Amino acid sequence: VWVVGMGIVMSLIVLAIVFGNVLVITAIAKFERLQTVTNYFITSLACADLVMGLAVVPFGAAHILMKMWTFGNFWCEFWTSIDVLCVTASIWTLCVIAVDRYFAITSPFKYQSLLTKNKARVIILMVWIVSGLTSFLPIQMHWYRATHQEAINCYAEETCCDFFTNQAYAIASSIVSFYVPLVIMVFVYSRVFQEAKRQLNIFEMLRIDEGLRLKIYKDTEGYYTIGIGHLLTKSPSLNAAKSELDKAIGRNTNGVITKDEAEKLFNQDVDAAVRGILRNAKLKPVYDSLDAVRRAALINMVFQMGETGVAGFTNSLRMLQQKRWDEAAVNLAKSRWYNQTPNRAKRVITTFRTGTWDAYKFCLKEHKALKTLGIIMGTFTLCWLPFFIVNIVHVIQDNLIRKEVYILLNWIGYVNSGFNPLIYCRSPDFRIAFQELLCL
């Protein structure tokens, strides 16, 4: 009766992997906005999962339920070679993603890959050619084969497909195929998360706090705004707001502006906020006493409220100058501004308290993209590392291997081929593609 329940659960795992990855591949294959360098590697990853879901996981399920191998010794060696290829290719692709994200964040381009689609295609094809060679040749040439009697009996028997390996292979294949790219991926992507946080500036901080709209909108007070929190007029007239817009840009806008035009106004307003601080006798000394991070928090306040407005916080500024952060924070919380925009205020106040970008952590869309890619990496590790740790331990220790524990932990890694599509539901671009392909 256990076999029935086990059979259903296993069928749904197969179905969840297949449609899940087919959906992801179809989304990148058809939607123009999703044909990026990062998404080409995501396709390489989704292919390995689809291959795992169609050629590995179904035959694995059959081996458990029938308690025997009914496909012969040739498909057994081939099946094992494909499985290892899928794991090796999946982790090497995740390592490439990490290295590519590093080179991007360390470049002036910041979020765009330095690789071209042609180069990325070659990188992907080289990963599969190398992973194919490292995974098929030691299995086909029988370099993996153990010398103990129980293994030889399993090799000769056409109804035995128990992955018996010699200690050397179980160490060599594990290091080259998994541990080496994992160590590099974890070490490199921790630096990408570091650079994203360290390279956070006032412009990024304000694009988070104010947002971006190329259409005229009303703020909390009700004043007409455009771009990144650029107030057009205090007048309650759309024509009055459109006139000030046409005058500022220097063309017939009709209430709509370009991304290039939005950045133009933004660089002007930020520049005006910094200029205003230096001409203000009450803000200029506070600006000098502050560090790089806390200067942005003061520029942020002058951007939102204005030179005169911020200069009104005589008590708060005094303690910012005296470097008494926690004390300044209470007086900043005890204000009209904190009540008006509490989410934005809390962030700026935390910046003044901590002196770090911790409040603006993964708030930018480009930063959320790094988090999404970081989740994909982290899950793969949590799913495969227990199998690989218990694998390398039962090589040195020799005992406590079991079949029950080995297959179970291998299936923890198998279930991962169905998780990646669910994690892509974080990206709005993928979400928009999925609902279109599913007609919702």
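Whichever C-alpha set is largest while still superposing within 1.5 Å between the two forms counts as the rigid core. A residue's number is simply how far along the shown sequence it sits, counting from 1.
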- Item | Stretch with greater C-alpha deviation in 5 other deposited structures of this protein, 394-402 versus 58-66 (rigid core superposition) | 394-402
- Taking RMS over all structures and residues, which stretch has CA atoms farther from the shown form in 5 other deposited structures of this protein, 344-352 or 247-255, after a rigid core fit? 247-255
- Note on the structure: Between 136-144 and 96-104, the record assigns the higher mean Cα B factor to 136-144
- Which of the two stretches, 335-343 or 364-372, shows the higher mean Cα temperature factor in the record? 335-343
- Task: Compare the CA B factors listed in the entry for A48, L65, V37, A55 and report the winner.
- Result: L65
- Note on the structure: Per the deposited entry, the peak Cα B-factor within the set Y217, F303, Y189, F178 goes to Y217
- Query: Lowest, middle or highest third: where is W69 by Cα B-factor in its chain?
  - Reply: highest
- Query: Once the chain's modelled residues are ordered by C-alpha B factor and cut into thirds, is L422 in the lowest, middle or highest one?
  - Reply: middle
- Note on the structure: Assert third(CA B-factor, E77) within chain per record equals middle
- Query: Lowest, middle or highest third of the chain for the C-alpha temperature factor of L409?
  - Reply: middle
- Lowest, middle or highest third: where is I389 by C-alpha B factor in its chain? middle
